[PDB]
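Before any comments, here is the structure.
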Protein chains: 2
Amino acid sequence: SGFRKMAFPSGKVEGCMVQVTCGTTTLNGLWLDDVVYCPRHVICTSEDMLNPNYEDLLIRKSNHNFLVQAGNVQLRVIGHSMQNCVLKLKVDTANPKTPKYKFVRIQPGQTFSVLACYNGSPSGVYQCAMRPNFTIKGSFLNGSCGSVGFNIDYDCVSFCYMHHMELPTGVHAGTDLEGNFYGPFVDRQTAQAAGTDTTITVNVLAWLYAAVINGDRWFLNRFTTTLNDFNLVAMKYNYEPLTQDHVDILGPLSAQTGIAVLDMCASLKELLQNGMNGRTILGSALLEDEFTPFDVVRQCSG
Amino acid sequence: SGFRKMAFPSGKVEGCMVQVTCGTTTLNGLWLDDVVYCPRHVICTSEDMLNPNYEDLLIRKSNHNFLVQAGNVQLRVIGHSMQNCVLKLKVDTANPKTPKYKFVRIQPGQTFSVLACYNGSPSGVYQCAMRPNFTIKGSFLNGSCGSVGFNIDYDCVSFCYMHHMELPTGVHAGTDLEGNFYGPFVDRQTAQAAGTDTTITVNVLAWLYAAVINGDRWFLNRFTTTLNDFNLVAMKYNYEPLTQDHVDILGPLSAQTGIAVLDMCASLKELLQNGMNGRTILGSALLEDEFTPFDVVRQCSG
Ligand SMILES: *[C@H](O)[C@H](C[C@@H]1CCNC1=O)NC(=O)[C@H](CC(C)C)NC(=O)OCc1ccc2ccccc2c1
Ligand SMILES: *[C@H](O)[C@H](C[C@@H]1CCNC1=O)NC(=O)[C@H](CC(C)C)NC(=O)OCc1ccc2ccccc2c1
Ligand SMILES: [Mg+2]
Ligand SMILES: [Mg+2]
């Protein structure tokens with residue numbers, strides 16, 4: 001028993017992190033087989049940051065402008081190219097620690113593990129949700145660009161996020177591994193803001209099931225509501241509408257606890273309208289929305 | 001910016017996890033050089049669990065009673081011995097992935113990363129504090145015994161915890177790597193309870209400094225208190241007394257924010273007496289005590 005924010009073990013990804021230096025800018029790259037992936041803004045200078053023309057900047061570069069360091073071993077760049085917002089540096093050595101992997105673009109509300117790195121060197125691991133406004137609430141300092149987010153399935157690493165920038169509210173933005181930003185953001189140092197966010201309803205419900213599996217029942221009640229009347233409440237408290245796909249995805253959790261989805265919705269409704277009145281749920285005084293139903297099943301086997 | 005519960009990267013420890021089977025009981029072992037470390041209760045049977053005599057059980061065992069599996073490769077046990085509550089199995093192959101490591105016994109209030117494993121296979125990573133009552137608030141199912149807690153310093157893995165059992169309140173108990181339990185617990189299936197816990201005061205203060213470093217200032221006030229008057233408040237709200245050693249350990253955080261320790265104490269005092277009134281601190285509606293001052297410095301460099 002117990003329920004913690006849990007990341008995937010990060011060894012398979014640690015073996016892929018390298019340092020990429022271009023001029024005076026150094027950040028992290030991802031070394032898979034014989035290609036290094038990193039944010040293209042490594043080729044920017046401090047004045048180009050306002051509105052750079054990347055095709056121009058890259059035409060002006062040569063393979064020897066890129067210093068790639070894997071541990072101590074300096075890697076030789078033999079080719080370079082740009083795909084959307086990521087730079088691909090072909091190197092002469094295939095990474096012998098390359099895991100089985102996939103690139104995947106995730107949907108809002110999905111979670112992943114972040115391996116925060118500095119100078120090619122892993123610093124820490126933590127769990128993140130892709131917010132409905134396509135930001136993540138990360139922990140990133142200068143030098144962290146190129147850190148990646150990932151899920152692990154059996155032995156296969158699914159990379160879903162590469163870190164590019166911090167927004168004025170302190171949240172974070174980046175791309176999939178093919179270099180397409182999540183959300184409307186762009187990789188230049190301008191005034192970009194996160195749009196208003198919403199709470200991930202299906203995840204809150206998953207986490208309430210995790211509470212029931214772990215002995216927290218004080219919020220349960222006898223009432224069951226309808227999908228329509230629940231969505232009326234969700235709108236009022238800035239929650240995502242609940243869909244039949246979400247109800248269905250919560251099936252296994254519903255069946256393991258014997259609490260129908262729309263039964264749990266009437267508890268959430270009461271929790272939204274009355275607060276917690278000093279009580280807690282899984283050690284939290286707020287309703288938590290960064291656990292997917294998959295996350296709960298994975299950690300709550302028994 | 002940002003502040004997350006952050007574990008150490010776990011690759012160095014993943015390379016050491018093995019499966020240990022004895023009869024019908026299987027749990028995890030830690031493979032360092034040519035020795036495997038695991039909880040001694042792997043040699044118990046379902047009836048011996050009430051009050052076993054381990055010296056008797058172990059005398060009755062032979063090297064071939066122990067099946068050690070590293071991935072697919074079965075490892076050959078060439079010797080076995082007992083040190084307090086851990087079993088040491090000498091194997092014929094030294095672990096080629098053995099990191100630089102140390103065994104350390106930590107003090108209450110210190111944190112460490114847990115690599116939860118099942119059948120020798122890492123499942124997830126998370127962060128824990130050793131509570132003042134010598135339990136941890138973990139996430140552990142059956143089969144997780146033998147999972148270890150650790151800190152990483154430069155390249156050196158410091159192992160501080162091995163998992164043995166769950167208590168009736170759902171919290172968790174175990175040993176250092178030399179097999180000495182944290183707290184008064186013993187490794188038999190009897191009625192053992194955690195004593196009453198207390199809040200780790202120096203960690204709450206560290207986390208309030210993390211809040212200030214990250215822009216949360218609504219709880220600050222002009223007042224400064226004395227160590228004596230603050231400790232009076234701490235007693236009333238079940239907080240650990242604040243020592244001069246703790247004040248001194250908070251030095252760097254105090255100097256980076258320009259807020260003297262006893263200035264921050266008067267904010268904590270006001271927060272204890274008035275609650276938060278609907279506001280949050282670093283995304284929490286409660287005062288958090290599982291971040292050491294070292295944890296904050298590590299993550300808040302800027
Ligand atoms: C890449 O390493 C860096 C990651 C930022 C830096 C602070 N926290 C982060 O996540 N990304 C950038 O510097 C990015 C550059 C692109 C051309 C967009 N710009 C950016 O994030 O600007 C915002 C920002 C906020 C705080 C700091 C603090 C210290 C240094 C730089 C910044 C930049
Ligand atoms: C070792 O793998 C196991 C870890 C426990 C099991 C459930 N969560 C844990 O952390 N440890 C034990 O089974 C331990 C045996 C020793 C002889 C003390 N006993 C124990 O924890 O008893 C309490 C307990 C609570 C819940 C469950 C659920 C399912 C199976 C066993 C238990 C045991
Ligand atoms: Mg109900
Ligand atoms: Mg003050």
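Hydrogens, waters and symmetry mates play no part in the numbers below; they use all other heavy atoms, side chains included. Residue numbers begin at 1 in each chain, while the letters A, B, ... track the order of the sequences. In each ligand, atom 1 is the first atom listed, and ligand 1 is the first ligand listed.
Nearest to atom 26 (C) of ligand 1 among the protein's heavy atoms is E166(A) OE2, 4.3 Å. Scanning the protein for heavy atoms near atom 17 (C) of ligand 1, the closest one is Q189(A) CG, 3.9 Å. Closest protein heavy atom to atom 29 (C) of ligand 1: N142(A) CB, 4.3 Å.
Close approach to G143(A) involves these atoms of ligand 1, each under 4.0 Å from a residue heavy atom: 2 (O). Residue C145(A) approaches ligand 1 through these ligand atoms, each under 4.0 Å from one of its heavy atoms: 1 (C), 2 (O), 3 (C), 4 (C), 11 (N). Every atom of ligand 1 with a heavy atom of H163(A) under 4.0 Å away is listed here by number and element: 4 (C), 9 (C), 10 (O). Every atom of ligand 1 is numbered from 1 in the order shown, and the set under 4.0 Å from a heavy atom of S144(A) is 2 (O).
Ligand 1 has a nitrogen or oxygen under 3.5 angstrom from a nitrogen or oxygen of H164(A). The shortest N or O to N or O distance between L27(A) and ligand 1 is not under 3.5 Å.
Atom 32 (C) of ligand 1 lies below 4.0 Å from none of the non-hydrogen atoms of the protein. Shown here, atom 1 (C) of ligand 1 is in close reach of the protein: a heavy atom of it lies under 4.0 Å off. Distance screen at 4.0 Å: atom 14 (C) of ligand 1 has a protein heavy-atom neighbour inside the cut-off.
Judged purely by distance below 3.5 Å, without hydrogens or angles, the side chains of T226(B) and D229(B) pair a donor atom with an acceptor atom. For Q299(B) and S139(A), the side-chain atoms include at least one donor-acceptor pair closer than 3.5 Å. No side-chain N or O of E240(A) forms a donor-acceptor pair with one of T201(A) less than 3.5 Å apart. A side-chain donor from one of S1(B) and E166(A) sits under 3.5 Å from a side-chain acceptor of the other. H164(A) and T175(A) share a side-chain donor-acceptor pair at under 3.5 Å.
For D263(A), the nearest N, O or S atom to the Mg ion (ligand 3) falls under 2.8 Å. Taking 2.8 Å as the criterion, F223(A) counts as a coordinating residue of the Mg ion (ligand 3), since one of its N, O or S atoms falls below it. The nearest N, O or S atom of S267(B) is not closer to the Mg ion (ligand 4) than 2.8 Å.
With rounding to the nearest 0.5 angstrom, the CE atom of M130(A) is 7.0 Å from the SG atom of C160(A). Atom CE of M264(A) and atom CD1 of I259(A) lie 4.5 Å apart (nearest 0.5 Å).
By the 6.0 Å contact criterion, CZ on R105(A) is enclosed, its count of non-hydrogen atoms from other residues, nucleotides or ligands being greater than 12.
Only the side chain of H172(A) comes within 4.0 Å of ligand 1, counting heavy atoms alone; its backbone N, CA, C and O stay farther away.
Looking only at distances, no side-chain donor or acceptor of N119(A) sits under 3.5 Å from a matching main-chain atom of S121(A).
Contact check for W207(B) versus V202(B): no side-chain heavy atoms found under the 4.5 Å cut-off.
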